[PDB]
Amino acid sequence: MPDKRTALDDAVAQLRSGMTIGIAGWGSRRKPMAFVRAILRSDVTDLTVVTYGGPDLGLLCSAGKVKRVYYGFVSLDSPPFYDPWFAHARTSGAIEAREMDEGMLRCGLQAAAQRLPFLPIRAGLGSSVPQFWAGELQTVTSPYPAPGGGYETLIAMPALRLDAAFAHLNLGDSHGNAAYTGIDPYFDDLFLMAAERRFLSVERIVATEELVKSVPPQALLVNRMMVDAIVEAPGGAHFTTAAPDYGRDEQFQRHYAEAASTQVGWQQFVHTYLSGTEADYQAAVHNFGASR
């Protein structure tokens, strides 16, 4: 079988400016943060992003690399809750916002996974969501009557097709079989299935037989058809939660948010954490932690 192990930069060099990319996980939970940091090091820009947003999106906005965002929400999941870089991008008018209901985003990925042009959904009707979409979001009428008479008109959620997707899981093999070891898979499978290029990071790469013995079969969320390249990235979700491996780095996340509030503070953060490799970031982070 194919050995799909690659490095962070090698994966990101498959991106092109203008692409639509999906970032998996949820909020400040199991985000592919090492992939995001590698995007920050590249020249790739003008990205359309599909995400249940958190500090992943914040980092991309801080770099001015985002043209448009399709999102169900943006949250840090802990105080100060709102991502300050996403907030800056929104209040400055830097990004086009394709805001939607959380369920709609999932539905959009499901339609892309099934290669369907749309799925019907109630979520969205009556809300400001259609107005975010500026007439791009259309409706569909049921050909069957409701129990009660009348024909329902529903949101036609379009497929959220992706040029590339990035996800992070706890354990994988060299061929891209992978498992989540936490309580929630989120929607990483749909992000991968909706994309033309599939990129996965894991905390640790093991033999197939070790992978399958360490989890129940229901945790084997990713098979070889769902991955083009796998990257071993210990700490690759930092500073979001990666379940039994490590929690959210709460103090560091607050440090991130505080630093975003001023020009000098951000420049110092970039210098300290984001100006070298992933290994430099991990060492700087451990040193911040050792201080506390």
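Residue numbers here begin at 1 and follow the sequence given.
For the segment pair 51 to 59 and 37 to 45, the entry gives 37 to 45 the higher mean B-factor, averaged over Cα atoms. Comparing 179 to 187 with 127 to 135, the stretch with the higher mean C-alpha B-factor in the PDB entry is 127 to 135.
Looking at 73, 118, 85, 166, the one whose CA carries the top B-factor in the deposited record is 85. Looking at 174, 218, 78, 170, the one whose CA carries the top B-factor in the deposited record is 78. In the deposited entry, the Cα temperature factor of residue 201 sits in the bottom third of values across the chain's modelled residues. Residue 252: CA B factor lies in the highest third for its chain, per the PDB record. Ranked against the other modelled residues of its chain, the C-alpha B-factor of residue 93 as given in the entry falls in the highest third. Ranked within its chain, residue 99 lands in the middle third, by CA B factor from the PDB record. Residue 265: CA B factor in the highest third of modelled residues in this chain (values from the PDB entry).
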